[PDB]
Amino acid sequence: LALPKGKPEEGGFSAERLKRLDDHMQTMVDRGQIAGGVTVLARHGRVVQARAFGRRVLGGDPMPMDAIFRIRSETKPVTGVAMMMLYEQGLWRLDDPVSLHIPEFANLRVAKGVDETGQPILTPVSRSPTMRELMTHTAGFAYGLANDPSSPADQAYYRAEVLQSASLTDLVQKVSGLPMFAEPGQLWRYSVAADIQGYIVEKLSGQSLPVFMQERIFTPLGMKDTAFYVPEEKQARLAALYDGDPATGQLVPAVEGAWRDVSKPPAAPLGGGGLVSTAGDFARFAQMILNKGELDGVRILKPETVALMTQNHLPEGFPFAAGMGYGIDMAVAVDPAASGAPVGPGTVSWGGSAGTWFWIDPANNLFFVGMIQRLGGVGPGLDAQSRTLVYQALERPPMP
Ligand code: NA
Ligand code: NA
Ligand code: NA
Ligand code: NA
């Protein structure tokens, strides 16, 4: 699994109590909640638990350890590293207006409310969002997958097919002429911001996003299976994506259509959602963050840059639990005691709509990668469950 192996007690875990995570994963397969999955738990640079469960596809063969997964929104922290590499080269600053780097954003308008004909009343945006706000989902851009007529801006991005564009130039031109959810800096709201960050990687680097991520991240870290598509020779390791249908609530093939397909290179590669990866590949990415920018003698970020990314960038003012802030393209647990969560302060995490999850806990020097392909609801449960089955198994000193 191209990362050092160890007994649980070398990570500081009870073997007996870690079996409870193994057991919960098997109970989730047995009771038909998921076809299968892969989990990786590492502490002090050594993998202490690495296990495959159930099946790749529902009828067929067992889940291999190097199964390939749609990681969806969990691509966002990878785009953040790409963006912070361009930061170290001086090509953009957090205080820059996004419109310095995307001039069409000069024409941004905001939905104030609706008139009697159910049309948004549109005002020119007060000012450009900042790059800091783009990296934090506080730029006021709308969400791209909600046909919600109570949020005009989201309705318009959905109707404009923002995420199913012909190119990243297209995506960004559409966004520039479409209503914003809100003025920049007003609230945190999950948005297309990482998909826009992707255009900025391309504009600033002179390379397409998939080339820039390959040369600067995946090849240097040995993330051999991480890409915006699954080449023909690897299609046999792809986990299949299952849903729960109404009535019987049992494992059904999922339908998503065209633009989500991972068999061909995508027209508009999504910095917020397009990557496939393996548990092993994502584990290497997680350890590079714990090492503050370096893996196996390969340095891709300065430690100051990793430290910046993994702090809360949300203003004092600030919809997602108590003690919970947000860094550069990641959630951060500023004060997890406030929500009774077991992770250490400074823990960074995220997850994907296909039910993959991870967290990196610098204070406890550990991380956890959870891989399934199950739409809506159950994936987040496994995340919270894993943490419990993980932090109950963890034995540390009282030394403060
Ligand atoms: Na580790
Ligand atoms: Na606009
Ligand atoms: Na932490
Ligand atoms: Na994961």
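What the sequence shown shows, in the entry's author numbering, is residues 29 to 346, 365 to 446, in sequence order. Positions of the beta carbon are idealized from the N, C-alpha and C atoms, including for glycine.
What separation, rounded to the nearest whole angstrom, lies between the Cα atoms of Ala296 and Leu199? On the sequence shown, residue 296 is found 268 positions in, with the first residue counted as 1. On the sequence shown, residue 199 is found 171 positions in, with the first residue counted as 1. Going by C-alpha positions, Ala296 is about 8 Å away from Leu199.
Going by beta carbon distance, what residues of the same chain come within less than 8 Å of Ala367, once the five residues before and after it are set aside? Taking the sequence shown and counting its residues from 1, one reaches residue 367 at position 321. Cβ within range, chain order: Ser385 and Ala387.
Closer than 7 Å to a non-hydrogen atom of ligand 4 - does that hold for the CB of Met53? Translated into the one-based positions of the sequence shown, residue 53 becomes position 25. The closest heavy atom of ligand 4 lies 7 Å or more from the beta carbon of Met53.
If we count Cβ pairs, one from each stretch, closer than 8 Å, do we get three or more for the stretch 303-312 versus the stretch 237-257? With a cut-off of 8 Å, the stretch 237-257 and the stretch 303-312 count as touching, because enough Cβ pairs lie within range.
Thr197 to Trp405, Cα distance in whole Å? Translated into positions along the sequence shown, residue 197 becomes position 169. Translated into positions along the sequence shown, residue 405 becomes position 359. In a straight line, the C-alpha of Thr197 is about 32 Å away from that of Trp405.
Measure the alpha-carbon distance for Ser178 versus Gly401 and round it to whole angstroms. The sequence position of residue 178 within the sequence shown is 150, counting from 1. The sequence position of residue 401 within the sequence shown is 355, counting from 1. Distance between the alpha carbons of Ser178 and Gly401 is about 27 Å.
Give me every residue whose Cβ sits closer than 7 Å to any heavy atom of ligand 2, in chain order. Cβ-based neighbours of ligand 2 within the cut-off: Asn135, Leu136, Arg137, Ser204, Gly205, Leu206, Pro207 and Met208.
Can you tell me whether DSSP reads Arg71 as helix, strand or coil? Within the sequence shown, residue 71 is the residue found at index 43, counting from 1. Of the three classes helix, strand and coil, the one that applies to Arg71 here is strand, per DSSP.
Do the stretch 366-383 and the stretch 160-168 meet, that is, are 3 or more Cβ pairs less than 8 Å apart? For the pair of segments examined, the stretch 366-383 was found to touch the stretch 160-168: the number of CB pairs separated by less than 8 Å reaches three.
Mind checking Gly299: buried by the 16 CB within 10 Å criterion, or exposed? As a position in the sequence shown, residue 299 is number 271, starting the count at 1. Here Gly299 is buried: its Cβ has 16 or more other Cβ atoms, across all protein chains shown, within 10 Å.
Spatial distance of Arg433 from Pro408 (CA atoms): Within the sequence shown, the letter at position 387 stands for residue 433. Within the sequence shown, the letter at position 362 stands for residue 408. When rounded, the distance between both Cα atoms is 15 Å.
Collect the residues with a C-beta less than 7 Å away from any heavy atom of ligand 1 and give them in sequence order along the chain. A Cβ closer than 7 Å to some heavy atom of ligand 1 marks a residue here, and those residues are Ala70, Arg71, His72, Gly73, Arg74, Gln315, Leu318, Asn411, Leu412 and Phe413.
Could you check what DSSP says for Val415 in three-state terms: helix, strand or coil? Start at 1 with the first residue of the sequence shown, and residue 415 comes out as number 369. Residue state, collapsed to three classes: strand.
Between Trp403 and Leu428, is the Cβ-Cβ spacing less than 8 Å? In the sequence shown, residue 403 corresponds to position 357, counting from 1. In the sequence shown, residue 428 corresponds to position 382, counting from 1. The criterion of a C-beta distance shorter than 8 Å is satisfied by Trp403 and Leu428.
Below 7 Å CB to CB, which residues in the same chain sit around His52 once its five sequence neighbours on both sides are set aside? Along the sequence shown, one-based indexing puts residue 52 at 24. Closer than 7 Å at the Cβ level, and outside the excluded window around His52, lie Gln431 and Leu435.
Within the present structure, is the beta-carbon of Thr393 separated from the nearest heavy atom of ligand 3 by less than 7 Å? Start at 1 with the first residue of the sequence shown, and residue 393 comes out as number 347. Answer for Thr393: yes, Cβ within range of ligand 3.
Confirm, please, whether the CB-CB distance from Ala134 to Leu150 is below 8 Å. Translated into positions along the sequence shown, residue 150 becomes position 122. Translated into positions along the sequence shown, residue 134 becomes position 106. Taking C-beta atoms as the reference points, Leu150 and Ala134 fail to come closer than 8 Å.
Taking buried to mean at least 16 other C-beta atoms within 10 Å of its own C-beta, is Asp89 buried or exposed? Counting from one through the sequence shown, the residue named residue 89 turns up at place 61. Flag for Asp89 reads exposed.
Could you name the residues that DSSP lists as bridge partners for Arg79? Counting from one through the sequence shown, the residue named residue 79 turns up at place 51. Paired residues: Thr67.
So is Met445 buried or exposed if we call it buried at 16+ other beta carbons inside 10 Å? Counting from 1 along the sequence shown, the entry for residue 445 is found at position 399. Counting Cβ neighbours within 10 Å, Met445 comes out exposed, since fewer than 16 surround it.
Just tell me which of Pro207, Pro391 and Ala268 has its CA closest to the CA of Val153. On the sequence shown, residue 153 is found 125 positions in, with the first residue counted as 1. Of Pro207, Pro391 and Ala268, the residue nearest in Cα terms is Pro207.
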